[PDB]
Asker: 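I am attaching a structure below and will ask some questions about it afterwards.
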Amino acid sequence: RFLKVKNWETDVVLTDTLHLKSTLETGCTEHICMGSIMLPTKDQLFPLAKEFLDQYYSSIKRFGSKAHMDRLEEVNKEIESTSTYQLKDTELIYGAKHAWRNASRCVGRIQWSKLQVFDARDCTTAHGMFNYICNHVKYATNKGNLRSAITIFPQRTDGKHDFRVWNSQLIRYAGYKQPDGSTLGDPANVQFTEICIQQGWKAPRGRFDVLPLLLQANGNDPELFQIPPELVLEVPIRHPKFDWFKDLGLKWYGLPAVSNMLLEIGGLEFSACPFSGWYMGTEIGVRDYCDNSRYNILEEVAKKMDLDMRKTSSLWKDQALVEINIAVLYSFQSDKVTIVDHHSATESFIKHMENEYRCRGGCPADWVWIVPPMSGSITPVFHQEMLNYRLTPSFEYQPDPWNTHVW
Amino acid sequence: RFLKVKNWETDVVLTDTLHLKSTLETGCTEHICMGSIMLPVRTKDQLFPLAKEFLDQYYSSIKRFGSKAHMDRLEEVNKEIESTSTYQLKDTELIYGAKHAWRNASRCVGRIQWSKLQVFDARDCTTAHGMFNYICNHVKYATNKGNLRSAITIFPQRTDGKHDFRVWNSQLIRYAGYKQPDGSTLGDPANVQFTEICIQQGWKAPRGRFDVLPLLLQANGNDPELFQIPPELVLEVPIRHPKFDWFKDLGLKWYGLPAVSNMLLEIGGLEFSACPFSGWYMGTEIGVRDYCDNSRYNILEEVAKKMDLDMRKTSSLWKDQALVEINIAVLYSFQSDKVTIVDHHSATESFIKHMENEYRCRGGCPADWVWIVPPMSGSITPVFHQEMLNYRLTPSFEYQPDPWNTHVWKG
Ligand code: HEM
Ligand code: HEM
Ligand SMILES: N=C(Nc1cccc(COC[C@@H]2C[C@H](OCc3cccc(NC(=N)c4cccs4)c3)CN2)c1)c1cccs1
Ligand SMILES: N=C(Nc1cccc(COC[C@@H]2C[C@H](OCc3cccc(NC(=N)c4cccs4)c3)CN2)c1)c1cccs1
Ligand SMILES: C[C@H](O)[C@H](O)[C@H]1CNc2nc(N)[nH]c(=O)c2N1
Ligand SMILES: C[C@H](O)[C@H](O)[C@H]1CNc2nc(N)[nH]c(=O)c2N1
Ligand SMILES: [Zn+2]
């Protein structure tokens with residue numbers, strides 16, 4: 001019931017009790033581990049509400065005060081009456097910060113408590129949503145000195161009036177299937193790019209076309225909006241040693257901003273809650289650039305490097321992978337756009353786990369996601385045992401809206 | 001119940017039914033996943049079901065399930081259990097058992113090779129000198145002058161738990177580690193405690209950076225005894241780099257034969273506490289882990305110094321750069337001296353093919369993603385993108401406590 005995790009590099013042992021609070025389920029059983037699987041009413045809502053308010057009031061040293069009991073009373077009456085309830089601002093901010101704090105897949109959580117929360121619960125239309133989103137983009141970008149932020153749209157009611165951003169991230173590049181048979185741009189986005197075109201978007205049909213936003217307010221049909229280009233900070237990718245690197249025509253955007261997740265606070269569901277921080281270098285250079293199903297650029301880069309591509313054992317892929325990642329970091333740094341390398345990010349996360357173990361009794365962490373997709377064992381997280389479990393408030397996956405929406 | 005895994009690079013979806021045959025527990029529950037935890041005296045009582053389940057698997061594998069040979073074997077094992085409290089495996093069952101323990105090892109990326117395993121039956125062994133002789137033969141057979149062949153040697157099984165056969169070494173071939181008075185370490189820091197045990201048992205340490213450890217062998221629950229593997233049997237590879245001529249001057253070498261000697265092999269409820277097995281290296285095991293772990297030889301700094309990379313900021317990726325160079329060197333050296341090795345691209349690609357084949361013919365392949373994904377360049381190997389299901393089948397290889405922790409000294 002008290003659980004130990006060990007770091008095998010430093011022998012530091014932490015004891016986890018926080019897991020006992022865990023409410024939701026992992027996918028695993030005693031007979032099978034699902035650790036590497038990507039995705040494993042009035043009566044329901046009041047316990048969820050209570051458990052939330054309990055931790056909130058405990059967090060401000062007012063557990064079992066009249067302020068606590070009164071709020072529990074007030075939310076209880078409101079659920080009884082309206083079948084839902086409204087969060088105070090203070091609760092909303094707390095709930096959102098803790099959803100990040102509880103995100104077991106997130107290596108960047110040392111920053112969890114510095115999150116700007118934009119309350120957009122008063123929003124009613126897609127134009128409104130566009131406005132809120134542009135303000136978020138500009139605030140978070142901050143001319144390259146990025147700041148973490150979340151914007152929170154109205155909460156699900158009867159589920160026929162959902163707010164949704166259809167984009168997977170606020171800023172992403174278009175993907176186009178060609179006569180060729182090959183793919184121009186980002187193949188991850190082929191489908192969404194066709195939904196946009198099917199909606200009216202004037203596709204430039206280039207390699208790096210910023211997607212339009214497709215915003216759904218109140219369960220209505222989503223509408224297209226172009227983000228003002230002046231608000232989309234992009235970085236040309238060059239190498240501090242290879243002159244020819246720039247000839248590849250690579251660029252990426254500065255602001256990673258997830259928009260397809262569902263934020264759950266005290267039983268309430270926020271289906272539109274775009275959030276943003278900044279990139280770890282490997283996200284772009286390893287995954288965006290080198291995944292076979294992504295821009296998949298390793299062959300061209302190795303070619304330009306004149307490596308022996310005959311045998312896998314020359315480690316030409318590995319050589320090219322490193323150079324590509326050196327260049328991503330160098331470019332962002334040169335242009336003063338916030339980025340973190342995998343060494344610094346993972347070091348910070350170890351320090352964050354130590355803080356959490358001490359202050360909170362644990363830190364849910366998903367090793368499969370936390371370990372960077374290159375140089376795993378030369379980062380300290382590789383050698384760190386982690387316990388994974390689900391705490392609320394949380395960010396959750398939800399199905400892509402086009403499968404759901406009724407046109 | 002049927003369970004699906006998806007490869008996210010290829011969209012290939014596989015369906016697992018094999019997981020239904022799993023008995024042992026994982027460590028996980030519906031409320032916690034323990035997938036990254038490194039580690040999450042039998043009665044007649046528990047023994048006959050374990051024997052029966054094993055013999056049913058064995059007789060099904062040879063397409064003789066329910067035959068008279070099958071039934072007579074069950075009866076004969078049953079009788080032997082109640083009469084002697086244990087039972088002996090036939091040679092064929094032992095072979096089948098050892099191969100399947102490898103087939104079932106969810107953390108092993110090399111399982112495409114599981115059915116090519118030379119099994120040496122050492123159950124007639126009685127003394128530590130006997131064990132040394134068995135182990136020398138295994139090393140010479142497996143080494144095969146560079147052209148490595150997989151093998152396991154299997155000493156007598158546990159009886160009362162007070163007469164265990166054990167190899168004290170963690171690997172048959174491993175380098176010594178020495179803690180210096182100034183607190184630095186000479187040789188391999190991982191083997192310090194074991195090296196100290198050897199010295200105290202009477203080993204004369206050469207005290208260099210790559211001293212091959214002596215074997216410390218325990219027969220029949222007796223105090224262990226020291227033996228030196230004949231040096232002519234220990235194939236080693238000097239490490240050099242194909243382009244960097246200063247690399248040789250780092251003075252690095254490694255041994256060619258990886259041979260795990262501290263695991264327990266469980267077959268039909270029987271426990272083989274000494275079962276050294278060997279195959280060959282994937283390059284990253286040496287170039288990433290043995291050379292570049294901070295707690296191991298830790299050569300990253302010295303390598304990047306010689307490469308004159310910018311070491312002033314981690315964001316130069318000087319570590320990542322030196323890491324690739326060291327791994328090229330390891331593969332280059334082995335291939336040049338014609339000593340079997342596999343790179344992590346080739347090994348992971350073969351594993352995916354093995355895995356698909358296993359789902360097809362067997363109904364599943366238990367796999368531990370934390371361990372299967374290589375410790376460098378994770379996502380440019382196909383396994384990173386492969387969903388996997390981890391569960392425990394028997395026969396199996398299991399961890400056991402270090403014997404210096406449990407042994408009753410005779411003196
Ligand atoms: C401030 C800098 C931040 C860094 C450097 C960072 C780093 C990361 C990285 C690298 C991932 C893995 C992404 C992938 O492989 O696709 C991730 C996952 C995640 N992070 Fe962050 N993070 C940051 C801030 C945030 C913020 C502000 C939130 C929300 C408030 C957040 C919530 C998450 C969630 C929910 C996941 C998992 C997504 C999923 O399961 O698909 N992080 N983090
Ligand atoms: C034939 C060549 C083989 C290759 C290339 C290979 C590859 C590997 C590698 C790279 C590991 C991870 C080791 C580590 O990080 O410490 C491993 C684990 C393992 N393999 Fe193999 N393997 C091979 C043959 C075998 C054989 C012959 C057996 C036994 C019959 C075996 C059983 C295991 C077991 C039990 C583990 C997990 C060890 C643990 O949990 O600590 N493999 N395999
Ligand atoms: N530095 C960052 N990187 C970052 C952080 C978090 C997330 C991401 C973007 O990655 C998300 C992708 C998304 C991707 O998920 C794959 C996938 C494919 C198809 C469907 C679903 N899920 C579904 N909608 C469902 C179908 C059926 C039932 S549910 C997931 C993995 N991963 C980047 C930051 C972004 C925001 C703040 S920091
Ligand atoms: N290519 C190969 N490499 C290979 C394959 C398997 C294993 C290894 C090397 O494994 C050694 C490292 C070391 C690591 O084990 C961690 C560890 C540390 C300390 C103790 C224990 N276990 C215990 N004795 C216990 C304490 C308390 C209860 S039990 C485990 C796993 N791993 C190499 C092959 C070897 C043989 C055939 S292929
Ligand atoms: C199948 C496997 O779970 C999948 O490839 C995961 C592995 N680890 C990951 N880790 C991160 N940070 N991001 C990812 O998208 C993935 N993908
Ligand atoms: C804590 C963590 O589970 C531990 O460091 C594991 C991770 N994956 C591994 N994978 C392999 N193949 N070998 C290892 O020693 C480890 N170490
Ligand atoms: Zn699990």
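For ligands, and for the atoms within them, numbers begin at 1 and follow the listed sequence. Within every chain, numbering begins at 1; the chains are lettered A, B, ... in the order of the sequence lines, protein sequences first and strands thereafter.
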Asker: Under 4.0 angstrom from ligand 3, any heavy atom of A/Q398?
Answerer: yes
Asker: Closest heavy-atom contact between A/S148 and A/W100?
Answerer: OG-CH2, 3.6 Å
Asker: For a quick test of reading the model, state the closest non-hydrogen atom pair linking A/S344 to B/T314 and the distance between them.
Answerer: N-OG1, 4.3 Å
Asker: I'd like to check which ligand 6 atoms, numbered from 1 as shown, lie under 4.0 Å from a non-hydrogen atom of B/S36.
Answerer: 1 (C), 2 (C), 3 (O)
Asker: So, for A/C33 and B/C33, which heavy atoms are closest and what is the spacing to 0.1 Å?
Answerer: SG-SG, 3.6 Å
Asker: Using a 4.0 Å heavy-atom cut-off, which part of A/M386 comes near ligand 6: side chain, backbone, both, or neither?
Answerer: neither
Asker: Counting only heavy atoms closer than 4.0 Å, does ligand 3 sit against the backbone of A/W278, its side chain, both, or neither?
Answerer: backbone
Asker: Any protein heavy atom lying closer than 4.0 Å to atom 36 (C) of ligand 3?
Answerer: yes
Asker: What heavy-atom pair brings A/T15 and A/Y357 nearest, and what distance separates the two atoms?
Answerer: O-CD2, 3.2 Å
Asker: Could you tell me whether the side chain of A/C28 reaches within less than 4.5 Å of the side chain of B/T26, counting heavy atoms only?
Answerer: no
Asker: Taking the Zn ion (ligand 7) as the vertex, what is the angle from SG of B/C28 to SG of A/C28, given to 10 degrees?
Answerer: 120°
Asker: Under 6.0 Å from the NZ atom of A/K138, do we count more than 12 heavy atoms belonging to anything else shown?
Answerer: no
Asker: Report the nearest protein non-hydrogen atom to atom 22 (N) of ligand 3: residue, atom name, distance rounded to 0.1 Å.
Answerer: A/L39 CD2, 3.9 Å
Asker: Return the closest protein heavy atom for atom 6 (C) of ligand 3 as residue, atom name and distance.
Answerer: A/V258 CG2, 3.6 Å
Asker: Using side chain to side chain donor-acceptor pair (under 3.5 Å) as the criterion, point out the one residue from A/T10, A/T379, A/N7 that pairs with A/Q384.
Answerer: A/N7
Asker: Against heavy atoms of A/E283, which atoms of ligand 3 measure under 4.0 Å?
Answerer: 1 (N), 2 (C), 3 (N), 4 (C), 33 (C)
Asker: What atoms of ligand 6 come within less than 4.0 Å of a heavy atom belonging to B/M38?
Answerer: 4 (C)
Asker: Using a 4.0 Å cutoff against the non-hydrogen atoms of A/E385, which atoms of ligand 6 qualify?
Answerer: 1 (C)
Asker: Quick one: does ligand 3 sit under 4.0 Å from the side chain of A/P256, the backbone, both or neither, non-hydrogen atoms only?
Answerer: both
Asker: Below 4.0 angstrom, counting only protein heavy atoms, does anything approach atom 26 (C) of ligand 3?
Answerer: no
Asker: List the closest protein heavy-atom neighbour of atom 38 (S) of ligand 3: residue, atom name, distance to the nearest 0.1 Å.
Answerer: A/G277 N, 3.8 Å
Asker: Of the protein's non-hydrogen atoms, which lies at the shortest distance from atom 12 (N) of ligand 6, and what is that distance?
Answerer: B/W371 O, 3.0 Å
Asker: Which heavy-atom pair separates A/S377 from B/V288 by the least distance, and what is that distance?
Answerer: OG-CG1, 2.9 Å
Asker: Would one find more than 12 heavy atoms of other residues, nucleotides or ligands at under 6.0 Å from atom NZ of A/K177?
Answerer: no
Asker: Any side-chain to backbone donor/acceptor pair from B/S261 onto B/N169? Under 3.5 Å, distance only.
Answerer: yes
Asker: A/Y253 ring centre to A/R172 NZ or CZ under 6.0 Å, with the angle to the axis within 45°?
Answerer: no
Asker: Counting each atom of ligand 3 from 1 as listed, which ones have a heavy atom of A/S276 under 4.0 Å away?
Answerer: 36 (C), 37 (C)
Asker: Just to confirm, does any protein heavy atom lie below 4.0 Å from atom 2 (C) of ligand 3?
Answerer: yes
Asker: What's the shortest heavy-atom distance between A/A174 and A/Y295, and which atoms?
Answerer: O-OH, 4.3 Å
Asker: Taking atom 19 (C) of ligand 3 as the point of reference, which of A/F395, A/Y279, B/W8, A/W100 owns the nearest heavy atom?
Answerer: B/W8
Asker: Could you give the distance from CE (B/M376) to CG (B/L323), rounded to the nearest 0.5 Å?
Answerer: 4.5 Å
Asker: For A/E347, does the CD atom have more than 12 heavy-atom neighbours from other residues, nucleotides or ligands under 6.0 Å away?
Answerer: no
Asker: I'd like to check which ligand 6 atoms, numbered from 1 as shown, lie under 4.0 Å from a non-hydrogen atom of B/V370.
Answerer: 3 (O), 7 (C), 8 (N), 9 (C), 10 (N)
Asker: Suppose we measure from atom 9 (C) of ligand 3 to each protein heavy atom; which comes out shortest, and what is that distance?
Answerer: A/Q169 NE2, 3.8 Å
Asker: Record the part of A/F382 in heavy-atom contact with ligand 6 below 4.0 Å; permitted values are side chain, backbone, both and neither.
Answerer: both
Asker: May I ask you to list the atoms of ligand 6 that are less than 4.0 angstrom from any heavy atom of A/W367?
Answerer: 2 (C), 7 (C)
Asker: Does A/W369 come within less than 4.0 angstrom of ligand 3, counting non-hydrogen atoms of the residue?
Answerer: yes
Asker: I'd like to check atom 33 (C) of ligand 3 in this structure: does the protein have a heavy atom lying under 4.0 Å from it?
Answerer: yes
Asker: Between the main-chain N or O of A/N292 and the side-chain N or O of B/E9, is there a donor-acceptor pair closer than 3.5 Å?
Answerer: yes
Asker: Check if B/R289 has a non-hydrogen atom at a distance under 4.0 Å from any atom of ligand 6.
Answerer: yes
Asker: Considering non-hydrogen atoms of the protein only, which is the closest contact for atom 20 (C) of ligand 3, and what is the distance?
Answerer: A/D400 OD2, 4.8 Å
